[PDB]
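What follows is a single structure, written as structure tokens, with notes after it.
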Amino acid sequence: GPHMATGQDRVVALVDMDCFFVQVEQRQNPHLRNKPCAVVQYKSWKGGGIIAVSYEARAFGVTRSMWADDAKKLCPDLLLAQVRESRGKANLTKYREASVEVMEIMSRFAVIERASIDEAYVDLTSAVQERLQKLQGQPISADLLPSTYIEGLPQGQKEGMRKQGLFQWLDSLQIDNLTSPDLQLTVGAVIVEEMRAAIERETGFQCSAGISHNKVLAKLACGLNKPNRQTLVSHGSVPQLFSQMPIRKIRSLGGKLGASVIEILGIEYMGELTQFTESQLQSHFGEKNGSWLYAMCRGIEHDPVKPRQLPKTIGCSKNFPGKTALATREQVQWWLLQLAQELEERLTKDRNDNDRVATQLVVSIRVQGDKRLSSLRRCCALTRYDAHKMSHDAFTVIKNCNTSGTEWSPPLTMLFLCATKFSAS
DNA sequence: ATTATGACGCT
DNA sequence: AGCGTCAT
């Protein structure tokens, strides 16, 4: 009763840039705006691999991880933008710089954790407190939430339903209690409307967002109403929301662990987990996962929003699938050199922008026929931002994988250079 | 031949 | 340190 903490102490948002690479290409080329369009990488093998898809194109069944030649069967008027190719590989600089534009605007409002190029977590707890003191008991108008869904409402025209749900929520609100978690989430949602408006004004980019009390619920909420909308998931909404939520939809349970939760416990939905004791869950899935699951199925998660706006690693990777696998010494050296030259460019720009230096180089390879995605991962010291030295060291570090008697065997199907372990400079 | 990145845990 | 998991 009075002593079960309910995980309502924070306001946390997850912001996800809608089909981000597509938006970047649509800003640059207005002929692509408001059309079915996708971004591809490469073009020879079956038209290229699609990696991002506008919502217009999604309506035709176009998806990521689809060959462009196949997407054209589903959507013959599909428009395509190609990722830049530099030194023989895909070069994602345009999207990294667009992402920095958006992240810098987000950081004006609250502290953000860069989860990936197109999504960030937002710690709004302090921001909401400041805003609540500014209001001085003044009620929150629907006009302040023009794109917000309240999950679970209305109970008892899509825009019409959104507005009905929002009215029901706002009528119920107790504005005089500056400590009600539901009020705190509502003000969080107001601030996120303002943040998203600023992003769109100042970049042209639209995004979706979730607002809740922790990162996992914010991430789940964000996906409920897309594109260009935001969703508030209150603590009270969790029992019904989880009662028909497939376990795989919760962040970190879409993989082998979620599959084993489903198979070992014989359940399907997140809410069914509430029936098990914390000890039972730990006994099946380990102490950490078990405690996490016990709290998570009750809407409770404690992972903090880490104050981290910059990537922790700077990486360069290329697959060489099928008969493109690298089979000679000269091939491996030339591609290590291309990877190392892009790595050097990005590292020098990073050092000048962000006052830090990487100190460790990680080299990862895949060999043909090897079941694993990484056949080997080894580290060496990263002392100077010099492409020839980095590629020479990466070779020096992988060279004893070659089993020939100038040839390379087994041929390599992936090269990967990652700069890690940053230190202030 | 479901990229090229990124995040993180286990031991 | 090297390997495995999860996500888009």
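Basis for what follows: all heavy atoms, side chains included, without hydrogens, waters or symmetry-related copies. We name chains A, B, ... by the order of the sequence lines, and we start the count at 1 in each one.
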(request) Using modelled atom types only, decide if a donor and an acceptor are shared between the side chain of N228(A) and the backbone of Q206(A) within a distance under 3.5 Å. (result) no

(request) Please tell me which of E113(A) and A90(A) maps to the more 5' nucleotide of DNA chain B, matching each residue to the nucleotide holding its nearest heavy atom. (result) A90(A)

(request) Flag the pair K73(A) and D69(A) as a salt bridge only when some basic side-chain nitrogen lies within less than 4.0 angstrom of an acidic carboxylate oxygen. (result) no

(message) When you measure from the side-chain N and O atoms of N319(A) to the phosphate of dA4(B), is any distance below 4.0 Å, counting only OP1 and OP2?
(response) yes

(request) Report yes if a side-chain nitrogen or oxygen of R346(A) is closer than 4.0 Å to either non-bridging phosphate oxygen (OP1 or OP2) of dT5(B); otherwise report no. (result) yes

(message) Please classify the nucleic acid contact of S116(A) as base, sugar-phosphate, or nothing, using heavy-atom distances under 4.0 Å.
(response) nothing

(message) In this structure, how many angstroms lie between the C1' atom of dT5(B) and the CZ atom of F20(A), rounded?
(response) 14 Å

(request) Can you figure out which of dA1(B), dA7(B), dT3(B) approaches the side chain of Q41(A) most closely? (result) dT3(B)

(request) Send over the distance from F320(A) CZ to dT3(B) P, rounded to a whole Å. (result) 13 Å

(request) Choose from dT8(C), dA4(B), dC3(C) the nucleotide whose nearest atom is closest to any side-chain atom of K219(A). (result) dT8(C)

(message) Need one value for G255(A): base, sugar-phosphate or nothing, where a base atom within 4.0 Å counts as base even if backbone is also close, heavy atoms only.
(response) sugar-phosphate

(request) Please report, rounded to the nearest Å, how far the P atom of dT5(C) is from the CH2 atom of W292(A). (result) 17 Å

(request) Please state whether the phosphate of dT5(B), meaning OP1 or OP2, lies under 4.0 angstrom from any side-chain nitrogen or oxygen of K89(A). (result) yes

(request) Name the nucleic acid region contacted by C316(A), choosing base, sugar-phosphate or nothing; use a 4.0 angstrom heavy-atom cut-off, strictly under. (result) sugar-phosphate

(message) Need one value for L417(A): base, sugar-phosphate or nothing, where a base atom within 4.0 Å counts as base even if backbone is also close, heavy atoms only.
(response) nothing

(request) Could you tell me the separation between the CG atom of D69(A) and the P atom of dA1(B), rounded to a whole number of Å? (result) 17 Å

(message) Could you check whether any side-chain N or O of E113(A) sits under 3.5 Å from a backbone N or O of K306(A), counting only pairs where one atom can act as donor and the other as acceptor?
(response) yes

(request) Take atom NZ of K256(A) and atom P of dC10(B), then tell me their distance rounded to the nearest Å. (result) 16 Å

(request) Look at the side chain of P311(A) and decide which nucleotide, out of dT5(B), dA1(B), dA7(B), has an atom nearest to it. (result) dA7(B)

(message) When you measure from the side chain of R108(A) to the backbone of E104(A), do you find a donor-acceptor pair of N or O atoms at a distance under 3.5 Å?
(response) no

(request) Look at the side chain of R96(A) and the base of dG6(B), then say whether one donor and one acceptor between them are separated by less than 3.5 Å. (result) no

(message) Salt bridge or not between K94(A) and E97(A)? Use side-chain N to carboxylate O under 4.0 Å.
(response) no

(request) Give the rounded distance in Å between these two atoms: CZ of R378(A) and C1' of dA1(C). (result) 9 Å

(message) As a test of reading the structure: which of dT8(C), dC3(C), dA4(B) is closest to the side chain of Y42(A), going by heavy atoms?
(response) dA4(B)

(message) Would you say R308(A) places a side-chain N or O within less than 4.0 Å of OP1 or OP2 belonging to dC8(B)?
(response) yes

(request) May I have the distance from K306(A) (atom NZ) to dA7(B) (atom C1'), rounded to whole angstrom? (result) 9 Å

(message) For a quick test of reading the model: is some side-chain N or O of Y95(A) closer than 4.0 Å to OP1 or OP2 of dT5(B)?
(response) no

(request) For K421(A), answer base if it contacts any base atom (sugar-phosphate contacts may also be present), sugar-phosphate if it contacts only those atoms, and nothing otherwise; contact means non-hydrogen atoms under 4.0 Å. (result) nothing

(request) Please tell me which of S374(A) and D118(A) maps to the more 5' nucleotide of DNA chain C, matching each residue to the nucleotide holding its nearest heavy atom. (result) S374(A)

(request) Under 4.0 Å between any heavy atoms, over every strand shown, what does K312(A) touch: base, sugar-phosphate, or nothing? Just pick one. (result) sugar-phosphate

(request) May I ask you to say whether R10(A) pairs ionically with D123(A), meaning some side-chain N is under 4.0 Å from a carboxylate O? (result) no

(request) Send over the distance from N289(A) CG to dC6(C) P, rounded to a whole Å. (result) 9 Å

(message) Quick check for you: among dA4(B), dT3(B), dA7(B), whose closest atom lies nearest to any side-chain atom of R64(A)?
(response) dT3(B)

(message) Looking at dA4(B), I'd like to know if its phosphate oxygens (OP1 or OP2) sit under 4.0 Å from a side-chain N or O belonging to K318(A).
(response) yes

(request) Look at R251(A) and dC6(C) and indicate whether a side-chain polar atom (N or O) is within less than 4.0 Å of OP1 or OP2. (result) no

(message) Is it the case that the side chain of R251(A) and the backbone of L220(A) share a donor-acceptor pair, with hydrogens and angles ignored and the cut-off at 3.5 Å?
(response) no

(message) Heavy-atom nearest nucleotide on DNA chain B for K288(A) versus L92(A): which residue maps closer to 5'?
(response) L92(A)

(message) Positive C1'-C2'-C3'-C4' counts as north, negative as south. Which one applies to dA7(B)?
(response) north

(message) Using the side-chain heavy atoms of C379(A), tell me which of these nucleotides is nearest: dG2(C), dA7(B), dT5(B).
(response) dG2(C)

(request) I would like to know whether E151(A) and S234(A) meet side-chain hydrogen bond (donor to acceptor under 3.5 Å, both in side chains); could you show each step before the answer? (result) CA-CA 8 Å; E151(A) 173 62 29; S234(A) 66; over 6 Å; no

(request) For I117(A), report the nucleic acid contact type (base, sugar-phosphate, nothing); a contact means any heavy atom under 4.0 Å. (result) nothing

(message) Nearest to the side chain of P321(A), heavy atoms from C-beta on, is which of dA4(B), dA1(B), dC6(C)?
(response) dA1(B)

(request) Report the nucleotide, chosen from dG2(C), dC6(C), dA7(C), that has the shortest atom-to-atom distance to any side-chain atom of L257(A). (result) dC6(C)

